[PDB]
Amino acid sequence: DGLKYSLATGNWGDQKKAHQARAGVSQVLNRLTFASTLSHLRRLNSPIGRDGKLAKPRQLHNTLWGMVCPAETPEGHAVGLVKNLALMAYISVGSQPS
Amino acid sequence: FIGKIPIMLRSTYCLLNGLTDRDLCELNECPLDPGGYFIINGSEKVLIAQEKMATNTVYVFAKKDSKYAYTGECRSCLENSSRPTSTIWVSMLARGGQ
Amino acid sequence: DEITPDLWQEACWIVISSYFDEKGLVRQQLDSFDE
Amino acid sequence: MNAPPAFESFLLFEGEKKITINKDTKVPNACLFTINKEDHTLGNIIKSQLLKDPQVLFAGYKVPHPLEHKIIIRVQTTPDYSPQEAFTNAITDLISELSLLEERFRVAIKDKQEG
Amino acid sequence: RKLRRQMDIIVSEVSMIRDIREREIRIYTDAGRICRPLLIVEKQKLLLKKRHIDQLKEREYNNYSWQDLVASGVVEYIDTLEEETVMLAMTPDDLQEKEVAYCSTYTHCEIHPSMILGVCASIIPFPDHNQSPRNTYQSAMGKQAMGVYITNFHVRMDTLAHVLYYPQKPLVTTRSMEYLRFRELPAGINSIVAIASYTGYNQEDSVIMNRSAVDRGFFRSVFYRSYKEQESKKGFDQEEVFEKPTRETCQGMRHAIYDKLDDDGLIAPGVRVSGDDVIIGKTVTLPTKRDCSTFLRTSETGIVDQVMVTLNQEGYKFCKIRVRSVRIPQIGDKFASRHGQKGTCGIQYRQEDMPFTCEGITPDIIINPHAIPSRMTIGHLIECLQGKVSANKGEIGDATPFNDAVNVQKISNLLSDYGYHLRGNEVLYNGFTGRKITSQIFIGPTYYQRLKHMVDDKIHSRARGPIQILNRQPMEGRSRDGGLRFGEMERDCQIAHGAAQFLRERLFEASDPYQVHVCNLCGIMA
Amino acid sequence: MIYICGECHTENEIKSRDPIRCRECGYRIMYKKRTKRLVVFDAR
Amino acid sequence: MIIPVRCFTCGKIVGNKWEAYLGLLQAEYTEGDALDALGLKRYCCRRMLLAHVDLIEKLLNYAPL
Amino acid sequence: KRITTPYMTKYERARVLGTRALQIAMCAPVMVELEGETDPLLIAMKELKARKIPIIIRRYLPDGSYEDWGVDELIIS
Amino acid sequence: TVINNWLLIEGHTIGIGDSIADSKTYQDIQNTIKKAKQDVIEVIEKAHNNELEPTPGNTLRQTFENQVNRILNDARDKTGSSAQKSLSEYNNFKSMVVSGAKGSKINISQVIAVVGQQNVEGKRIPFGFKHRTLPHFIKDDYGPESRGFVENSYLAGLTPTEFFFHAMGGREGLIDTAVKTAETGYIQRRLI
Amino acid sequence: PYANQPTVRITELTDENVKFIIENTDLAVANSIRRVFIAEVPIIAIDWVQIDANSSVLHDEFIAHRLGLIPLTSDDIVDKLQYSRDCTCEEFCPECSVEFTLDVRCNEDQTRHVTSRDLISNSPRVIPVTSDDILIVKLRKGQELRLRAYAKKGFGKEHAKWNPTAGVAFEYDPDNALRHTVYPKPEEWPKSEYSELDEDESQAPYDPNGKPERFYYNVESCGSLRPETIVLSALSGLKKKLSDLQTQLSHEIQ
Amino acid sequence: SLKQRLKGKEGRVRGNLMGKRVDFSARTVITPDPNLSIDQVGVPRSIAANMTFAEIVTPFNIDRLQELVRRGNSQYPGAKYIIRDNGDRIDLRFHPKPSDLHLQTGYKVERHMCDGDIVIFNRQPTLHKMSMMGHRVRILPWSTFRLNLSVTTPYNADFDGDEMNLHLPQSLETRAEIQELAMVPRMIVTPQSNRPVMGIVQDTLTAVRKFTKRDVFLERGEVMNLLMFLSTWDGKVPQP
RNA sequence: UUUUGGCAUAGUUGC
Ligand SMILES: [Mg+2]
Ligand SMILES: [Zn+2]
Ligand SMILES: [Zn+2]
Ligand SMILES: [Zn+2]
Ligand SMILES: [Zn+2]
């Protein structure tokens, strides 16, 4: 029930601790075009946090060359915070250093 | 038995793993559907990737809004255990102190 | 032996086609969940 | 849902006059012909025919709105020649022209088919 | 690096950074790092030779895949932290050729620069010929176009779906679109668009459309709504059941006719319905029995496409009813190029009224000239020219961003070879008078997208409707109804006008008129 | 009422009282049959 | 989805030419040669066959009801 | 002993016309001869031009006093 | 109404031919850009050899930055002037700009001649990488294209580095649009 | 103050199109004829569809919309028909409509193409034009499509399926002697097929006394009517409209 | 808590007293229409048939409103309600009783919004007086509001998907107030910068720049065709 | 014989 609840609501953390639970992690998959579905599946989110208060994360940084699409960000109050992977970008899955 | 884990579609434990296009059409599943999402109560839910600061790395900033000239933090985190990550600041006091 | 400049335009897109035949587009999600 | 039925651009609903004549008081010998359920098909051709009449001082037409199927034709003639008479003469000339063109087109088809 | 390139003890995704000036070697193996593959350059030469390309051409029936390129030590994954220590060639054919030396120590080379773009930015033809906010805007709109969102849409029952009747692959395409499956699931139509001022209904980013083209199915579409409903039995106090209810066994029902429903409380697929009609007749027992049947959205109208019945996770019988509504394009519906040229249908003209070339080719769409100069979507114009060239040549044009083999001068020469003006302009005739237009109109095919924002889903009006239960003010019912908030800014506007009576009318007797009794001695209510 | 099984296409009658299940496959998805009321379209 | 009956612009019949078009492509015609062989001069008509995607073939893989 | 402007203000014109149109809509006697007039607002504007509206505007100065102006007394601008 | 009905006879359009210039104009623009880049190189090598002396009230970095900025602005204005002089009276782009209906002269110059310098926070593109704007440049490169000077027109198409730097530039305008929408009427709603 | 004496010269006549030239006529008359070709020549097209059974992948409205665009041989039968709403019948009759029936059951292991050949009319003179054939839909095994339809008289102004033409090429003054269009660089523009200029010339000299005449037509038929029949019915219909307007004007004057 | 019920944007004060939902309001997308005067607004037939205005029954309008009553709410233009003098309300969707369709003077009839009705028209965010102005209703047969192009500048609107709101004043007093204070012609010149807010925009501005060039000449047919579209023309063709 | 209704959290999207 906890996994089902967390993926159903997108609130992450304990259900009783929804006050401190990061929200919107899990979203309903977008089905308007194939491109919309693909872009939703390859989406990255920048939480606001305390870090957002320190350095301006909205503006496009040079290190996003080849990793993140430079010209795909949602307009409005989420500009530059929600991003999309570049086509050949691939996220390391992690292995053991031993 | 201890619970039920949701399965991301077309992952290596989904029943659609490694099936031909004819088989996917036999199951009324689009062969171009990339998967990569869960089904929770029939609703197709996608987990958005969340960016955060990398761990176990020394980062030296200069807090413009404090009595510290510089602060060297390190969000130290164990090797895939104890998700509470202990962050430690090592800060040089500003010379304009009392 | 070496890829000539005129043939390079075909060659690079052959490489990228082989990539997307191998990994696909949602490799991040599937690999992370498999791990 | 507000889309009009497509037939309300050539069909007269009941209680609608096809053509209505109104005297224009600004200038003597001037009339406005409001024709319902017509478009540039008849407006432009009637205006062009009327312009060939020497006794017509002014001949113009307008569609007041593309979504409304009225055409207003303003005709002003010399003060010995009613605008209504000019309008009738223009239509008769156009009908004679089109009948002649039908006849010559049939003859041309027969000659081309025969060789 | 030798070991990682050989897929030895070090796996490919491990990243190794040498901070030379600070005397550090940092090796990262954890997850979450983002990397991309780069061709390896050694001694100003690629390690990718023709033999690899030959083996990859016959990728089928050889099993020489991408993983064998990685195993060959020809291409390797590089992350941003390691990109800091990388001298990268944008392209082999020029950057590492001999020259007046700029850099002679390249370590990697880009596969193709166009792979910096994402999914929705990779469907833009000639994005390097646009102002970048227009590329951002197209990245936003391409998610909202109409197409065929999935092949098995017939069996699915999504809450909302839009399916375009006749999608087409773009006549002017990118190589990246080959791998997005966009050729197989397109979203939009190649439309003969003319950039011309006309009767005046395309101004300010509006669009005139060809009515006769729409009559031939141009941009026609379908909108599917699935309504789910589950009866539940909580012990025995309440028992919801599907059945067509009657006035003589229920204590409250709508005047909407229940004869649509069969005698299980379910309407059949193929029945025409409207916004008030009942689609699932459900009734709950009274502790006679009150109904709790469900109706259509009040604005909507359609034909019941499909009616499925199952048992839920609990085991209670529950059904899902997909209703089909055919959306013809009309005045108000959105359309967009792949360049941020958003715009609503201003007016629809029949074929005889549209302007026409000397060949009888009327435009499907007329867009205003003034949409171009401030926006500087030159990629739109180049797409139109390339579309004309490709449609005449019997070829699919290529519009990858960074491709010097494609040049507007070459496209102009190719177009001149087909007996057209080299810049795409044409002598158009006025549809009404038949006269030649004094200027020569730029015209040609262009890929347009019908966005999901139809007017019929956005139109509503309120007058004396269902107020709130607490506030006694208008409320958003099962629709867009419930009035519009006459917010603070509107009140300040009307104060600036001095329209005090109108301001009172809006804020008092048009929302919640009321009266009370107050004692004159004690000012508390009585 | 007649329902069509979603896996083996068997038209089977079901009352408003019994749980739905295909009577030769056990499948638990059923589709209502197309209406027999006349439906007419203009071809526009 | 399926080939439109009419060209959207000029209203020429183009629905009876998809199968022949594919047949000519199996005869190793260039796509321009195939469109010329089918007598499609105006690029409005040529756009129809040249950019059509026959998705109905993919839809006939699923079982009927 | 009046100090307010002799010109009817825009707001005075607006309220006078609205009020008089409401009165005429309520079958009030009309103070001007009308021909082919049915909308109360046109009749009210005809009365205003005729200066035959039977209304007195009470303008409150910002000291708790007032001035009463017959509508015919004010200049219809 | 009157002028919209006359425009059915006149007609008004915009096409590729309204963005083409004469070959002489392209050669003049390319010569201007060659010269401007070579002067930027002269300023760079004079700074590297310590032969550049700071202006009063500015450090050597601010002096150098103002020098390259004024060189590139001079180049952009000269290219825009030459592009505007090449325009014919029939150029629909000019016909729209002259009436004030849409666009302006800078848009003509950007479409035809040179997009120009990209700026984030009002300065050239910063060294986001370690002493680099991108990994395709050498370290400590203050050349124009290295620091985000787009030398192509929108007609000619931007190079990959130029495309990314232009995206960086436009992201700022998007962010300011969002911030204005955030501050739309807040000052007003307190003032009222 | 009277009519022109227009003259016709047919330059080409095939079963697909007629190409001809009209001289000694006003531009307005020529454009009105060109416009009547598209919008006012009545033909027969499917406009009433009852679907008794559909199992195809395409929903019912898709099939009906595709059936409407099927062109029908309406060469001579259209003249003796009446508009349905004008007809006094109980909604349908052989004097205002033509019945069609389609019944195709794909009971085989190959994709069955439901083409225009499967449309069966109750009148032999009104068939699908292709009767290679126009594809209506494709059917899988066990998919039935069974419907009846009626095709009625109408013209393209109401809906584009009654449009008989497949593109009406229209031209005048191919060398631009009148300068109704102003080329910024006349050298760049290819000659019209009707141009009489040598290749060293780009534009005829300006004619201050010129007037548009010698209008070049190329009327391509979709197939419902022969192009000869399209033009003749167009002229007849425009004459009929003008005579009806004459009748109404005479009534209004009286 | 009771504090949170009043605090903030959504409390009773700022959410339900300084601004609130209102009846007799409609919203939809806007499309251009150069054939409307600047003070007119196109309205779909559905919105007009849905929204209503109270006409007081007067012997000048007794027969007209009786006809509107007999048409009922089912048909446009029509009426929804009859408010008799007692305050009782007769709903003209459900009462074929002819006795209830009698109209004595002083009754009110909530007739459908017909042509020429005054409506306040607004686009949010509302930033100045010219963002809410009075228009005359014109019924047009599609599902969008229509504006003259010149008024797109005061509203800061463009037909790229923008929606606009339409409020109908519901009594002759407020209707006269809007007619005399907030109509579009009265809002041409702003007091902000003592200048016009509406101007000639886009196609018309480029076309007038082309038109008033020294070397534009018009044949007589063109001149007469253009003078058809001149509402203030005195009918006299000027000397060439 | 003339009805009426969840709400208040989060997300997404439009200008
Ligand atoms: Mg807008
Ligand atoms: Zn008291
Ligand atoms: Zn079964
Ligand atoms: Zn065509
Ligand atoms: Zn009949």
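Below, chain A is the first sequence line, B the second, and so on; all start at residue 1.
When the side chain to side chain contact (heavy atoms under 4.5 Å, CB included) test is applied to K:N86, the partners found at least two apart in sequence or on another chain are K:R84, K:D88. A:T9 pairs by the side-chain hydrogen bond (donor to acceptor under 3.5 Å, both in side chains) definition with A:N11, not counting sequence neighbours. The side chain to side chain contact (heavy atoms under 4.5 Å, CB included) search around K:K3 returns K:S1, K:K7, not counting sequence neighbours. Listed by chain and number, the residues in a side chain to side chain contact (heavy atoms under 4.5 Å, CB included) with E:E240 are E:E231, E:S232, E:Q238, E:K282, E:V284, E:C292 (sequence neighbours excluded).
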Open item on the list: Treating primed atoms plus P, OP1 and OP2 as sugar-phosphate and everything else as base, which nucleotides of nucleotides 5-15 of chain L get B, S or - for protein heavy atoms under 4.0 Å?
Closed with: BSS-----SSS
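Residues in residues 20-40 of chain A take part in these salt bridge (charged side-chain N to carboxylate O under 4.0 Å, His left out) pairs, two or more places apart or across chains: A:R31-B:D33, A:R31-B:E44. Screening residues 333-342 of chain E for salt bridge (charged side-chain N to carboxylate O under 4.0 Å, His left out) gives E:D333-E:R450, E:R338-E:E383 as the qualifying pairs, with residues at least two apart or on separate chains. The ring pair (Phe, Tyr, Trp, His ring centres under 6.0 Å) contacts involving residues 450-485 of chain E comprise nothing, where partners must be two or more places apart or lie in separate chains.
Atom CE of E:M253 is separated from atom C1' of L:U3 by 11 Å (rounded to the nearest Å). Whole-Å rounding puts the E:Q251 CD to L:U4 P distance at 11 Å.
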Task: Secondary-structure string, 5' to 3', Watson-Crick or G-U under 3.5 Å, | for another-strand partners, for RNA chain L - done: ...............
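Under a 4.0 Å N-O distance rule, the pair K:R123/K:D158 does not qualify as a salt bridge.
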